[PDB]
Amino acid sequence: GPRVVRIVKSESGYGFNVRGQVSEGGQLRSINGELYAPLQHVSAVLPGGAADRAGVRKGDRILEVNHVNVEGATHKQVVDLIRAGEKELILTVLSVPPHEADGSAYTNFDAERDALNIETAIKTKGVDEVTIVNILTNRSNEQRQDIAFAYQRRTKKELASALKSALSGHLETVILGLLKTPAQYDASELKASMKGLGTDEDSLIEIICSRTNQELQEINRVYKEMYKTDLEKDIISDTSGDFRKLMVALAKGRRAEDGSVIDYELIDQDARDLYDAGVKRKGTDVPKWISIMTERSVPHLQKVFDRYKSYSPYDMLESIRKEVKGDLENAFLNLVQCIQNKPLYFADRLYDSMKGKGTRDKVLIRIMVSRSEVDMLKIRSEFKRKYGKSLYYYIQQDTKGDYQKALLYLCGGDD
């Protein structure tokens, strides 16, 4: 029932998101025994974050922000009210049952309603991009698949094809990317990175180095289904040298899973081997580096890299810059960052995509589309702590229009 919660403000943000009612015209009913006016709800909570430690739970409906009634206010109004707190955020929330918050309340009627409103926006004179963005950036990827299916049923046209002709520019890129499943999107981004004469090494490295075993297994399956060739064969065709060997190894998605016991002796031996193979000698034993950094689990390699500082005068990143160059150096640097702190890795990539002249939209869009909402909260925390202002703020300065609005929705809030 109506419960009050106080959340401390910090340079890590509040660690939670609010969004509008997904089941706008249907499943909006009495929450936890009492019917109410339309309210925003907590769509995601960062575990261990300030909202989680204060008692905020996924699905909680928001009633008051700092003592002010927010019933019926727009998403931008609540974000402004939450931002208007000098040192604290006080909320009046309402818990909902778990099945009313895990996604299973989304029905085929909601999917058909979303598809109807998207068809309306497409057919509206001049195209209603605002409505299309409002829906698709505030649905889960699974719900977007239901919307696409329902859209095809009612129009006998594919939603992706219809939106491709209705939209243009970077907004088209965002929307079409959101419509694919995670494995489909990564597989098509990988295919695009190897299309044409050159190779987009930056994109190939970013995807291959940052995806987990489970994500890569599904990417390998879907890539084969979509393009009738194995991802590994396309990588082998497009790359060469040690850079090829590293990419092929990582793409297999067969890294050791996190074990139950910390292997301290192997941590020390891997550190020695990394030092003996690089800084300690003339040249580099690249195969030794590749085998250790592709095969060992992420928590193991985190401890290996710290133990490495006991043997080497330079840390792992600086050793890489001193030992290798080119695509191989770029790949190792990205991989070590992903191992050491993946949310910080994406925060730095986002900052790099916007910090200078113009925007590296290809990188900015891919990160905002591909990251889960909770992972984006991890990224927003690292970003705000490192750079002083929010990811929201930098997106605001570098992009404009409906394209900006789509990215800010994917960001999910200000910090």
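From 1 onward, residues are counted along the sequence shown.
- Between 116-124 and 91-99, it is 91-99 that carries the larger average Cα temperature factor according to the deposited entry.
- Two stretches are in play, 321-329 and 202-210, and the higher mean C-alpha B-factor belongs to 321-329.
- Reading the B-factor column for the CA atoms of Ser297, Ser260, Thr173, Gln337 in the entry, the top value corresponds to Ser260.
- Based on the entry's C-alpha B-factors, the most elevated value among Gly169, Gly72, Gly283, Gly253 belongs to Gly72.
- In the deposited entry, the Cα temperature factor of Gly413 places it in the middle third of its chain's modelled residues.
- Split the chain's modelled residues into thirds by C-alpha temperature factor. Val42 is in the highest one.
- In the deposited entry, the Cα temperature factor of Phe243 sits in the middle third of values across the chain's modelled residues.
- Sort the chain's modelled residues by C-alpha temperature factor and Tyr106 lands in the highest third, per the entry.
- Among the modelled residues of its chain, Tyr36 has a C-alpha B-factor that falls in the highest third according to the deposited record.
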